[PDB]
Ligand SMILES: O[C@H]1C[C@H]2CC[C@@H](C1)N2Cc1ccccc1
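Given next, in structure tokens, is a single chain: the form solved without this ligand.
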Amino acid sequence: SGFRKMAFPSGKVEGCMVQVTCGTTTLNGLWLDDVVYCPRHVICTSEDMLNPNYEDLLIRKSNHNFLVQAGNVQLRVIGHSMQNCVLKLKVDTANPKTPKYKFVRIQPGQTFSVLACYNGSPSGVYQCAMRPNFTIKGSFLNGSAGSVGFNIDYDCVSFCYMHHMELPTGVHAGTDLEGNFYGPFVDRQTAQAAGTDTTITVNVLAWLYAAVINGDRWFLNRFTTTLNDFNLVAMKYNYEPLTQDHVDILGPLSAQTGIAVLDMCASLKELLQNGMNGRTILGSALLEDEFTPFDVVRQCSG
């Protein structure tokens, strides 16, 4: 038993990380087969970051301007191109550690593991959610761009995120692995703001089920509610609407615990209106929304 923010094992991704240096700017790249993927602002200068013309900056570069180092072995760039907001640096060595992989774009509300890297060297692993406003609340410093977010199913790494930048509020923005930003952000050092966030309701319920599975039951009650009356309370506390499809996804958890989804909703309604009254759930005094129904099943066994 026990429930923790849990990341996927990172070994398969560690062997893909490299350092990309252009001029005085260094960041990380993702080495799959004979291609290195990295954020395009590696080619930027400190001054050319308010409104860069990446198409111009890239035509003024050549293969020998890009220094790619896998550990201490230098990889020779034999080609370069731009795909939206990331670069594809052809190299003459296919990565022998290339895993079975997919490039997938995830949805707000879904989670992934982040392998934070610096100078091509992994530093740590942690679990993130894609917020409804397409930001992520990560832990990233200068030089972390190029770090990737991922999930692992069977033997396949599904890459879903490459880190690019930090917004003034401290949250982080990035692209999918095809180079298209999550959310209305651009890789320029301009004044940008994410839209107002909301709390992922289906994840909160899933976390409450994880709590029941682990012996926390004080928040249960004998009451029930309708999906309509629940959604009225959700709108008020800045919670996302709950759909019939969310109730179905929560089925398995509802079945294992014997607590009907709409009965669990009556508990959530009650926690929103009255608070926790000094108690905790799975070691938190706040309602946690960065666990998907899938994450709970992955960790909590029958």
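Residues carry their position along the shown sequence, with the first being 1.
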{"property": "Stretch with the higher entry mean CA B-factor, where the candidates are 188-196 and 170-178", "result": "188-196"}
{"property": "Residue range whose averaged C-alpha B-factor is higher in the record, 231-239 or 35-43", "result": "231-239"}
{"property": "Selection from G183, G109, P96, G120 [criterion: highest C-alpha temperature factor in the record]", "result": "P96"}
{"property": "Among modelled residues of the same chain, the CA temperature factor third for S81", "result": "middle"}
{"property": "Third of chain Cα B-factors occupied by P132", "result": "lowest"}
{"property": "Position of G278 among the chain's modelled residues by C-alpha B-factor, lowest, middle or highest third", "result": "highest"}
{"property": "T201, C-alpha B-factor rank within chain (lowest, middle or highest third)", "result": "middle"}
{"property": "Chain-relative CA temperature factor third for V73", "result": "highest"}
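The next section is about a form of this same protein that is not shown, the form deposited with this ligand bound.
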{"property": "Heavy atom of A260 within 4.5 Å of this ligand in the deposited bound form", "result": "no"}
{"property": "is_contact(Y239, this ligand) in the deposited bound form, heavy atom dist at most 4.5 Å", "result": "yes"}
{"property": "Non-hydrogen atom contact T196 with this ligand in the deposited bound form at 4.5 angstroms", "result": "yes"}
{"property": "Interface membership of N133, this ligand in the deposited bound form, 4.5 Å heavy atom rule", "result": "yes"}
{"property": "Residues of 210-237 having any heavy atom within 4.5 Å of this ligand in the deposited bound form, listed in sequence order", "result": "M235"}
